[PDB]
Structures are given as structure tokens and as C-alpha cells.
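>
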Amino acid sequence: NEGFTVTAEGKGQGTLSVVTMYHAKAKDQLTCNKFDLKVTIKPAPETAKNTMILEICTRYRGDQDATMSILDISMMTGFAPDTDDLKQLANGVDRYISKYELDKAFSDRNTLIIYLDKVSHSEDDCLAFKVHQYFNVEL
Amino acid sequence: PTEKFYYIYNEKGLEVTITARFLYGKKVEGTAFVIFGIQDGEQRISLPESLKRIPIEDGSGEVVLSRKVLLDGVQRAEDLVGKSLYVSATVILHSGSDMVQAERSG
Amino acid sequence: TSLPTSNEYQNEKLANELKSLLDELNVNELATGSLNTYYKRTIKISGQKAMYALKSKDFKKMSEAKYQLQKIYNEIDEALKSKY
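Residue numbers (the working numbering), protein chains in the order written: chain Y, 1 to 139; chain S, 1 to 106; chain C, 1 to 84.
#1: Since residue 45 of chain S and residue 38 of chain S are thought to touch, with beta carbons under 8 Å apart, how far apart are those beta carbons, to the nearest angstrom?
#2: Tell me whether the stretch 46 to 53 of chain C and the stretch 9 to 22 of chain C touch, counting them as touching only if at least three CB pairs, one residue from each stretch, are closer than 8 Å.
#3: Would you tell me roughly how many angstroms separate the C-alpha atoms of residue 36 of chain Y and residue 14 of chain S, rounded to the nearest one?
#4: Which chain Y residues are close to residue 63 of chain C, counting only those with a beta carbon under 9 Å from its beta carbon?
#5: Could you work out which residue in Y:107, Y:66, Y:31 and Y:138 is closest to residue 117 of chain Y when comparing CA atoms only?
#6: Kindly list, in the order they appear in chain S, the residues whose Cβ is closer than 9 Å to that of residue 111 of chain Y.
#7: So that I know if they touch, is there some Cβ in chain Y lying closer than 8 Å to that of residue 13 of chain C?
#8: Where do the N-terminal and C-terminal ends of the alpha helix (DSSP H) with residue 17 of chain S fall, by residue?
#9: Identify, in the order they occur along the chain, each residue of the same chain with its Cβ nearer than 8 Å to the Cβ of residue 10 of chain S, setting aside the five sequence neighbours on each side.
#10: Against chain Y, with Cβ distances strictly below 8 Å, would residue 33 of chain S count as a contact?
#11: Within 8 Å of any Cβ in chain Y, is that where the Cβ of residue 53 of chain S sits?
#12: Taking 8 Å as the CB-CB cut-off, is residue 2 of chain C touching chain Y?
#13: Specify whether the stretch 123 to 136 of chain Y and the stretch 56 to 71 of chain Y touch according to this definition: at least 3 beta carbon pairs, one from each stretch, less than 8 Å apart.
#14: Evaluate the contact criterion for the stretch 45 to 53 of chain Y versus the stretch 84 to 101 of chain Y: three or more CB pairs, one atom per stretch, below 8 Å.
#15: Less than 8 Å between CB atoms is the rule here; does residue 67 of chain C satisfy it with respect to chain Y?
#16: Name the chain Y residues whose beta carbon is nearer than 7 Å to that of residue 5 of chain C?
#17: Based on DSSP bridge pairs, tell me the residues matched to residue 129 of chain Y.
#18: Can you confirm whether residue 84 of chain C, when its beta carbon is compared against all beta carbons of chain Y, has any partner nearer than 8 Å?
#19: Closer than 8 Å, CB to CB, is residue 9 of chain C near chain Y or not?
#20: Would you please state the rounded distance, in angstroms, between the beta carbons of residue 94 of chain S and residue 98 of chain Y? I believe it to be under 8 Å.
#21: Does DSSP put residue 20 of chain C in a helix, in a strand, or in coil?
#22: Nearest to residue 16 of chain Y by alpha carbon, out of Y:31, Y:5, Y:105 and Y:106?
#23: Using C-beta distances below 8 Å, list every residue in its chain close to residue 36 of chain C, excluding the 5 sequence neighbours before and after it, in chain order.
#24: Closest to residue 21 of chain Y by C-alpha separation, out of Y:39, Y:63 and Y:1, would be which residue?
#25: Under a three-way DSSP split, which group does residue 68 of chain C fall into?
#26: Skipping 5 residues on each side, what residues in its chain have a beta carbon closer than 6 Å to that of residue 29 of chain S?
#27: Given a threshold of 16 other Cβ atoms within 10 Å of its Cβ, counted over all protein chains shown, does residue 96 of chain Y qualify as buried or as exposed?
#28: Going by alpha carbons, who is nearest to residue 120 of chain Y out of Y:25, Y:40 and Y:69?
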């Protein structure tokens, strides 16, 4: 970026347009904007594994109820979603979990996908399911 | 689409097949999001009431656009004659790792 | 006691799944008495492969035999529906 001088000469009429391209400073503008998301992890009411509870709350920052969205979930290495709880959230309207994801057994389901038919823009649509520990590991 | 066109007086409607396979040939397992719409020269009119979410087993999927929804998309069937329909699919693996957007227009 | 570990789970699960099929082995093996010789020949061979794999507790052989024994079962199930 320099400060220079231009010198024209002769007959005729022309136009001179100079434009710069750079990386401006974004004031840490909301990198999410359009999807508020609060994830909480709490222990379960005893009655001594670890089985905890995963609660997910989200809201669309738009004027209209966002259409069909997706919930991409990644478990904590050594945790599998409760099968029974998945059936509950699946049978419920406005939510969908492919049969392919269902019968994966406790063995292998570290990655979960919960398809949503809609997400409110006024309040928060929250859901929760149980998770158990089958694979002990430090850190 | 089963037919390289659409018959206005076709009760069945516009049948479309969603085929998804890995680059190495192997079949793909996932879920697809398919939508429709009408085109007019350069302008496109999306059909929100045609949005479907069909599973993709054996690397194949089946979606249908009922004539009912098509006509309801506008406000004279013989009028739509000449226009074109475009399909916009979006497949997502059951792993949620990759995502591809396809489209058939004309 | 707390929990299993790396090879502590998957190696046990496969063992249980392989055992479940081995329990009803005599059931399927005796079901070929009315079927063809093919089914009787395939199940008597795929039978040992599942047993030898179980005692060895080898993840590879157990899995290799799980589907070996699972396939023949399904082929028998379909072989019966043509007979009612």
C-alpha cells in the first residue's frame, strides 16, 4: 500500500479507478448467528457406572421457523446413547432418526445424527437423552 | 427422473430416482433432502411443499412429486406447458462427515 | 471393579454374539434333515469353524465364523419358506 502520483497527457477523456483488497478486522462478529446452542452434561440420579444426561437446546435467529435442520452429535470417547431414549425421540413428531442409526447397538454409535423438521425462532427447542459408559479410559 | 420430461395429464406425477455412490464405485448409505421447482426463462419458483426427506439404502433412493402439490404450487394446467422443472437433492452420510448437493434442471 | 478396556469389550461382545448362534446350532443343523444335501454339508462345516473360533477367543476367527454361521442360517430360513 503506497501513496503515488499519476500524470496524464494528450487528447481524449478517460477514467481512473483504484481499488484495494485486504482482510478487514471483524469485531469477533457472531461466528454462529442463526443458531443459538447450549449443550449441558449432568450426572444421573443414582438408584455406579457413570450414565450421564446430554441436553441440547437450540434456537433460530431468524424471523421464520427454520425448516429441516440436522443435529450432528459426537459422543465422548467411551459413551453410547441409550437405545430406548432414541426410540422415544424418534417416534416423536418433528424429529427423525433413520433406522440405520437405530440398530447400531451399544457397540458402535459414537456419531449420532438427529434430523429435525423445524426449530423455533421465538423460544428454544430442547431435547435430552441418556448416555452410558462402556469403555473406561483416563482423559 | 423416470421420464426425460413430464406429462401434464400424468396422475402418477414426476418420479425421480436419487442414486449416490462413492468415487471408488462402492454404494452410499445416508439420507437425502430433495426439493422441486418451476423455471421460467431465467426465473425459478421453489416449491416448499415438495420438500422430501427420503432414506438412501443400497446407494439408491426414490422420491415422487405428486401432481397435486405441483398444481398447488401455482395459482390452467395447460399454462405450465412450456415451462421446466428442476430437482435439487442433498445427500448426507449417516456419519455426518461429508455432504453433496446435486441438481437436475431442464 | 470399574469397567473394561480397549480389547476388553469388542472381544467379549463378538464372543457372545458367536455363542448365541452356536446355541441354536443343533436347531438349524437338525432342520436340514428335510432340506437338500447342500445345506447339510454347509452347516456341518460352518459349525466347527464357529466352535474352534470361540475357544480360541481370537477376534478374527470369531468374526470370520460369525458371518460364516450367520449366512448359512439365513440360507436355511429361506429354504424353509418355499416349503411353508
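We treat Cβ as the ideally placed atom computed from N, Cα and C, and that holds for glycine.
Considering the structure as presented:
#1: Their Cβ separation, rounded to whole angstroms, is 5 Å, which keeps residue 45 of chain S and residue 38 of chain S in contact under 8 Å.
#2: Judged by Cβ distances under 8 Å, the stretch 46 to 53 of chain C makes contact with the stretch 9 to 22 of chain C, as three or more pairs qualify.
#3: Across the structure, residue 36 of chain Y and residue 14 of chain S are spaced so that their CA atoms are roughly 38 Å apart.
#4: By Cβ distance, chain Y contributes nothing, its closest Cβ being about 12 Å from residue 63 of chain C, past 9 Å.
#5: Minimum Cα-Cα distance from residue 117 of chain Y among the listed residues Y:107, Y:66, Y:31 and Y:138 corresponds to Y:66.
#6: Those are 94, 95, 96 and 97, listed as they occur along chain S.
#7: So yes, residue 13 of chain C belongs to the interface.
#8: Not the alpha helix (DSSP H): residue 17 of chain S falls in the beta strand (DSSP E), residues 14 to 19.
#9: So the list reads 67, once near-sequence residues are dropped.
#10: Residue contact with chain Y for residue 33 of chain S: present (Cβ-Cβ distance below 8 Å to some residue of chain Y).
#11: For residue 53 of chain S, at least one C-beta of chain Y is nearer than 8 Å to its own C-beta.
#12: At a cut-off of 8 Å, the C-beta of residue 2 of chain C has a neighbouring C-beta in chain Y.
#13: Taking 8 Å as the limit for Cβ pairs, the verdict is that the stretch 56 to 71 of chain Y does touch the stretch 123 to 136 of chain Y.
#14: The stretch 45 to 53 of chain Y is not in contact with the stretch 84 to 101 of chain Y.
#15: With 8 Å as the cut-off, residue 67 of chain C does not count as an interface residue toward chain Y.
#16: The contacting residues are 136.
#17: Beta-bridge pairing links residue 129 of chain Y to Y:54.
#18: For residue 84 of chain C, the answer is no, since every Cβ of chain Y falls outside 8 Å of its Cβ.
#19: Yes, its Cβ sits closer than 8 Å to a Cβ of chain Y.
#20: By a beta-carbon distance limit of 8 Å, residue 94 of chain S contacts residue 98 of chain Y. Their separation comes to about 7 Å.
#21: The three-state reading of DSSP puts residue 20 of chain C in helix, counting H, G and I together.
#22: When only C-alpha atoms are compared, the closest one is Y:5.
#23: Close CB contacts of residue 36 of chain C within its chain, under the 8 Å cut and outside five residues either way in sequence, are with 79 (chain order).
#24: Selected option, being the one with the closest Cα: Y:1.
#25: Note: residue 68 of chain C maps to helix in three-state DSSP.
#26: Excluding positions up to five away in sequence, the list reads 94.
#27: With 16 or more Cβ atoms within 10 Å of its Cβ, residue 96 of chain Y is classed as buried.
#28: Ranking Y:25, Y:40 and Y:69 by Cα distance to residue 120 of chain Y puts Y:69 first.
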